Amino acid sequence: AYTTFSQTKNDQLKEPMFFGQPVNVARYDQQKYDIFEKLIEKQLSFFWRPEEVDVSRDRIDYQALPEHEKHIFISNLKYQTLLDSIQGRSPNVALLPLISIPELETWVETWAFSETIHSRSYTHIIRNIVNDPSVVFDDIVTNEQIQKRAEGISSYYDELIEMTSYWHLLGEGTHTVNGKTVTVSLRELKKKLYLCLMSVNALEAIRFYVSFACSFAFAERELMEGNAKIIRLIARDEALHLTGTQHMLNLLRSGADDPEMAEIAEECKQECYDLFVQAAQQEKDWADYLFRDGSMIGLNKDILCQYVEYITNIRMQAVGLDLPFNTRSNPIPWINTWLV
């Protein structure tokens, strides 16, 4: 029941962010939430081209890196590549079919587009530091530790997409599909979308930042400067992306949008909390693999764990959740000079 151009003349200012009438005319002279228009304008002002960044010396730096440092650097890069591969397509496939206001529709498409630029930058880096990129790219898919760290991301998007298709095809109700009873509940679909957004928020807010810390650890010793310039630019984009998710989530919580979403945000509060705790544990577990061949000065399992707890508390506080970790000061204040 999805349509690329709804024929009903509706007041886009009164539609809910999600699950309302699909957007027909794309207009930007007015908006229900100006924050999304501001985010679009910001992201567009940040447009950058990866191939323009000089990465000619990163090859020399990487090649001369001790083996364990190569492992750390490349493992981190592979995870970043995984995230943006997923983030380039997922917002469009999973969220686009559910948006009912133009500013949010275009923000999602712009956001997704910016992630494809990130992916293009990783190819730019990879192709210029290793002889055979295929070894790196192929490993992203088969690496058990990389997929264990990311487990839950694609699966959540996939479930939401499947539930969305059932909704658009059959509508609300209890149906009989090939002899099996299938329930299509919009409230349940709203819950899935809501928790998906919270998961994406955690991906943006924590997963990416942990990886930035590892990238900039090399920038601190004046190595991989081409990669550093790129990660700085990517970080600037991710900051906008997480601002977008924090606002979507907090606006839904406010009850100023779909009233049902406000009820859902409250009822599912523990699930929100749980997914953050789970994501944090995954990031921590990754350290055992990251430093399997040795650590670096200022970058090891303990420092990584402290940073995960540090940033997780900040991000959870930002969306109204209790803090699961002991409070602490930034374990790696040097990261500030690289962010924003």
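One-based numbering along the sequence shown.
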Inset, instruction - Read off the CA B-factors in the entry, average them over 177-185 and over 146-154, and name the higher stretch. - result: 146-154
Legend entry - Mean temperature factor over C-alpha atoms, higher-scoring stretch between 38-46 and 62-70: 62-70
Legend entry - Given 109, 237, 84, 132, the residue at which the Cα B factor reaches its maximum: 132
Inset, instruction - Would you check the entry's CA temperature factor for residue 51 and let me know if it's in the chain's lowest, middle or highest third? - result: highest
Legend entry - residue 229 - Cα temperature factor, lowest/middle/highest third of chain: middle
Legend entry - For residue 313, the third of its chain into which the C-alpha B factor falls: lowest
Inset, instruction - Tell me, lowest, middle or highest third: where does the Cα B factor of residue 200 rank within its chain? - result: lowest
Legend entry - residue 170 - Cα temperature factor, lowest/middle/highest third of chain: middle
